[PDB]
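**Student:** Here is my input, please return the structure:
(11 chains)
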Amino acid sequence: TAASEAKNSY
Amino acid sequence: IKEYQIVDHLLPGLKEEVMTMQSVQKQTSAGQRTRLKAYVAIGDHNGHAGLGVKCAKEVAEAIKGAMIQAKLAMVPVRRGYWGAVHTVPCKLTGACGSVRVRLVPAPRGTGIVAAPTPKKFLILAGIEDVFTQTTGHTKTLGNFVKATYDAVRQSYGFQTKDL
Amino acid sequence: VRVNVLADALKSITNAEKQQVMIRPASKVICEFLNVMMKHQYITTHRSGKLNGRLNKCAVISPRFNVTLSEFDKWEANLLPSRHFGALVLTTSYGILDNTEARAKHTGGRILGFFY
Amino acid sequence: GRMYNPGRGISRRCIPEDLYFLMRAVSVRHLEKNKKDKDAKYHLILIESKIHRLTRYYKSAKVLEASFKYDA
Amino acid sequence: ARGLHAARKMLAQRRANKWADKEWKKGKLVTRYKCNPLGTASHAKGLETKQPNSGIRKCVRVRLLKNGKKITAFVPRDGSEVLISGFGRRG
Amino acid sequence: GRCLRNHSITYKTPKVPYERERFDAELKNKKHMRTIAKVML
Amino acid sequence: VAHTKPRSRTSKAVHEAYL
RNA sequence: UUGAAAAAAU
RNA sequence: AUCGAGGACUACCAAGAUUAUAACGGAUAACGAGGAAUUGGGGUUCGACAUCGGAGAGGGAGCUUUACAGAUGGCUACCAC
RNA sequence: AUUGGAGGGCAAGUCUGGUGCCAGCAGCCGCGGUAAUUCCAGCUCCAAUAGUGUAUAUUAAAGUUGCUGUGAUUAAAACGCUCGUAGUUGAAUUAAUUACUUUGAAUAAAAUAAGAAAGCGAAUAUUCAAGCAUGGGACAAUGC
RNA sequence: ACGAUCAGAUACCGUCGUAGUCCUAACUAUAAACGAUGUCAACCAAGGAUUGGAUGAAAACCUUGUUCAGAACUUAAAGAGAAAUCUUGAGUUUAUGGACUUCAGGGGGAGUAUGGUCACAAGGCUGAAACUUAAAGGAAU
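**Tutor:** Numbers count the residues shown, from 1 in each chain, chains lettered A, B, ... in the order given. Please see the structure below:
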């Protein structure tokens, strides 16, 4: 779940 | 090879070239403490090249210690073919300081298309055909040869298809 | 924003091989780019689902310049380490190929990228 | 990232009208009593540009007939 | 811009940036016909040193036939209508 | 153009005017196909 | 299935319509 | 607490 | 009217044409092309001047003759010689 | 047989007479303030040679104009900041034109390259930007 | 404006004092307006701590784990750079091409002249050339 990887540069 | 005589043992008759003598100075209370720094290049003309630097008070003494360092700094030069040994096997660049010297494989006929300084070292290494492009302050001789030396120093690291 | 999946993919591969690698968006060009890179041996989710010491550097070329057959010599001379090692990747009228068969299929077209 | 703010949130559902809801435009055009609220005025422009970007999009999708023009 | 269809900007971008070139601009704007005493010509018939060097430079002032402007000209050698032709440095 | 008859140069002076490694080697006076080979290779 | 006419003849349009 | 200056080139 | 299409022109009708993908306007020590110089690739600069096309005969303008000229080593008038 | 040069760049004298920051030389670094490798002379040798100096301009050098290919903390150089039109760039996915791509047609000579400078039948190939015909539809743009 | 100090002191030191310092309304639109570092997107070594979450453990607050967003900090034998330094980029660039905008071309003359335009004004924005000169400048010893 996209949340599971949701709890960064360029 | 922590000793300079061993390269003189397995590589006899190393044809010698003093690239340049460069006088440095150290300002002190009395005045300037000047020493002469000499860049020398060694190496038989069959894929072995060496560059060493030493600085001392006497011209003769500095050169003698300079050949030692060039002898200690021994590297193999990988030669190859352009289309069909005379030239580098691929495109290599030597990353000195502001100087960046790039080697491009050249056909059988063309000589060393390069500045006088990297030419004398590229002749020593045993290459006869090469294309070179420079990027930086090439009037700095010491960084010029080091950029040249570095370019061939990495020729035996690029794992090509045949390797 | 993500403009080119191919550009992102190949940069992900190079940084890993410099240091298996993962590519999150998969397209019709990303995968069949690899089939060229695999037949040279260089390489061993409902939402466009998601290395052996040989790859040196693989990169894409920004806007895909139409390549004539006569123009092949200029591109290889620029982007290839030697005359025996690298490989271009071309998208042509007969699929995504490289400079070998596209020279043999007798066609030109746009250029995707390369790999040493 | 966010359209106007520099925040980059990734709050999402994970599967195993909107133009109407932005006229927020009326609910702040509040500016009558608070004429000195420059924060509200700057944010009013941002919401309006969201409408025109959505207005332009729906017309080319033929959702809205191309006579639509939101006013005050 | 780098895209395949952005040939208008880079062509336009280069034209603007060329004007920054001191050498290139001098050869296109109108000063070689009004500010150059020699114009675009090679020769021109007509009628103390810096700090660490001491002495006197013998020189000459010349009025040109065509323009009429007055210019200062050096004499070539030791103990040395006049034809004047620049110096080592151009302009 | 100026003349219908053709003409050519039969020599080219070196780029560097003074170099000792060339003065000795060259020493009445001091007055093509390799690339042609190259293009087909 | 034609060479690649409207979107009413295209494959996933007709092969769904066929379906 | 006050305390300014050192003719030109080697 | 023209050798002939056409605002080329005349009368009536309409409000239209171009423009940021640079219109309109300004500068050139600008006749254009085939080409030349120099170049690793890419390019930069020049091309009045051999050959092709254009335009001119001190400046405009108006004509004659003829199959072809707005001819000028033909004419007419003005300006300047 | 000349032209320029002999401190460096850059090949060539740490030879002899005067001049004394003067005359002067020096494209730049600079040399000359009385013992000048640079001035004015004399000798010698250095490069090229019936040619060689000087000035101006084109090109290369110049990756110091950057498509290939530049830089933007501190050397010159990120608009004080956001919105926004034109422009440019725009995720994956499907078994009519245009762009793209392959072949041809057609394409003044001279010239370029090519089968002592010259001269005269080269398949001589060009020579792009367009335009015509054609096999292909992978990457693309335009509505359906 | 005074009193000092001083060679003088038209300044720093002390005292007094108009404009201003405050609010309203309308103008001005510039700062070392700086992180001297444009915006957006992918990838990239090792750590402790921190601001708001949610999900477990532990009885709202504190202690622990997990996964995001945010301001940072520590180490680097690596990568980059001229170096100082940068590392969540100033890395993935001669092995040179992810998308777009803006700016620069030795130092002065000069942000000056002329012209245009905005403001009541001070001024802002756009902005040369003549001529002059072998350095000006950066980071480190």
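**Student:** Number of residues surrounding residue 7?
**Tutor:** If you meant another chain, say so; for now it's chain A. Look at residue A:7: counted by other C-beta atoms under 10 Å in any protein chain shown, it has 6 neighbours. Bear in mind the C-beta positions are built from the backbone N, C-alpha and C, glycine included.
**Student:** that's the other chain; I wanted chain F
**Tutor:** Neighbours around residue F:7, by other C-beta under 10 Å: 5.
**Student:** likewise residue C:92?
**Tutor:** Around residue C:92 there are 16 residues (other C-beta under 10 Å).
**Student:** Identify the bridge partners of the nearest residue to it once chain neighbours are set aside.
**Tutor:** Closest residue to residue C:92 apart from its sequence neighbours, by C-beta to C-beta, 6 or more residues apart in numbering or on different chains: residue C:109 at 3.9 Å. Beta-bridge partners recorded for residue C:109 (DSSP bridges): residue C:67, residue C:92.
**Student:** just the one 4 residues further on next, same as before
**Tutor:** As for beta bridges, residue C:113 partners with residue C:60, residue C:89 under DSSP bridges.
**Student:** Which positions in the host helix or strand of residue B:101 come out as buried?
**Tutor:** Per DSSP states H and E: residue B:101 is located in strand B:100-104. By neighbour count on 16 or more other C-beta atoms under 10 Å in any protein chain shown, the buried set for strand B:100-104 is B:100-101, B:103-104.
**Student:** of those residues, list those near chain A.
**Tutor:** Among the buried residues of strand B:100-104, none lies close to chain A by the criterion of C-beta under 8 Å from any C-beta of the partner chain.
**Student:** circling back to that earlier point, tell me the helix or strand right after the strand holding residue B:101.
**Tutor:** strand B:112-113.
**Student:** pretty sure residue B:17 contacts residue B:45?
**Tutor:** No: contact criterion C-beta atoms under 8 Å: residue B:17 and residue B:45 do not qualify, at 11.4 Å.
**Student:** list residues touching both of those two?
**Tutor:** Contact with both residue B:17 and residue B:45 is made by residues residue B:124, according to C-beta atoms under 8 Å, 6 or more residues apart in numbering or on different chains.
**Student:** where do the helices sit along chain F?
**Tutor:** Assigned by DSSP state H, chain F shows helices spanning F:20-26, F:33-40.
**Student:** so which of these comes closest to residue C:50?
**Tutor:** Distance to residue C:50, taken as C-beta to C-beta, is lowest for helix F:33-40 among the helices of chain F, at 47.7 Å.
**Student:** near chain C, anything from the strand holding residue B:101?
**Tutor:** No: with C-beta under 8 Å from any C-beta as the criterion, chain C is not reached by strand B:100-104; the gap is at least 9.3 Å.
**Student:** contacting residues around the residue most central in space within chain G?
**Tutor:** Centrality entry for chain G: nearest residue to the mean C-alpha point is residue G:10, 2.4 Å, by C-alpha atoms, centre = their mean. Residues in contact with residue G:10 (C-beta under 8 Å, 6+ apart) are G:2, G:4.
**Student:** Look up how far residue A:1 lies from the residue of chain D most remote from its centre.
**Tutor:** The centre of chain D is farthest from one residue, residue D:16, which by C-alpha atoms, centre = their mean lies 30.4 Å away. Distance, residue D:16 to residue A:1, using C-beta to C-beta, to the nearest Å: 8 Å.
**Student:** and if you look at residue D:37?
**Tutor:** Taking C-beta to C-beta, one finds residue D:37 at 41 Å from residue A:1.
**Student:** same deal with residue D:12?
**Tutor:** To residue A:1, residue D:12 is 9 Å away according to C-beta to C-beta.
**Student:** go on, residue B:153?
**Tutor:** According to C-beta to C-beta, residue B:153 and residue A:1 sit 52 Å apart.
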